[PDB]
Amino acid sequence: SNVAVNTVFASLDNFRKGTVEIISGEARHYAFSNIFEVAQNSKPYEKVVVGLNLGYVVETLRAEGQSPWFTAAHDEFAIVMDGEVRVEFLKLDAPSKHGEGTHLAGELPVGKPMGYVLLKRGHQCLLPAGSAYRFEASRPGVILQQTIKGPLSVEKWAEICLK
């Protein structure tokens, strides 16, 4: 009778955190959070570390309004998990050549405009090394960023993970 297919995606307005059922040991060990709960309880564009592996990070961003210009010396990536983000790209005249992690590019980065991308849920874009990039969000959304722990990365495990 029911032949509908429903691929369940979550959002800031509607999410249901999973569960860690302990038989033996500690829920702590699983660093268990949910990117929607996380974005729901964070400031716009606060880069909240939700995954950390040997200095590599997965950050959750609450996309609301307009972010600061960001830049890094290596490639980064962004996945829009909810909402709709516009991403502006500048090709810096003087790119960061060394170092790791996303850095503040400044109020008025110096470089040619490359254009922009319009990301809806489920969409991914490259954040090319040596570019500055800026996030635009009319409505609250969620951005997953793949990058490296840096000056802007916020850790608050005890706040976000099961215990």
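Throughout, we count residues from 1 along the sequence that is shown.
Between 22-30 and 105-113, it is 105-113 that carries the larger average Cα temperature factor according to the deposited entry. The PDB entry records a higher mean C-alpha B factor for 95-103 than for its counterpart among 54-62 and 95-103. The top Cα temperature factor in the record, among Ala137, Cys125, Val49, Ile35, falls on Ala137.
In the deposited entry, the Cα temperature factor of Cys161 sits in the middle third of values across the chain's modelled residues.
When the modelled residues of the chain are ordered by C-alpha B-factor, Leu90 sits in the highest third.
Among the modelled residues of the chain, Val8 sits in the lowest third by CA temperature factor in this PDB entry.
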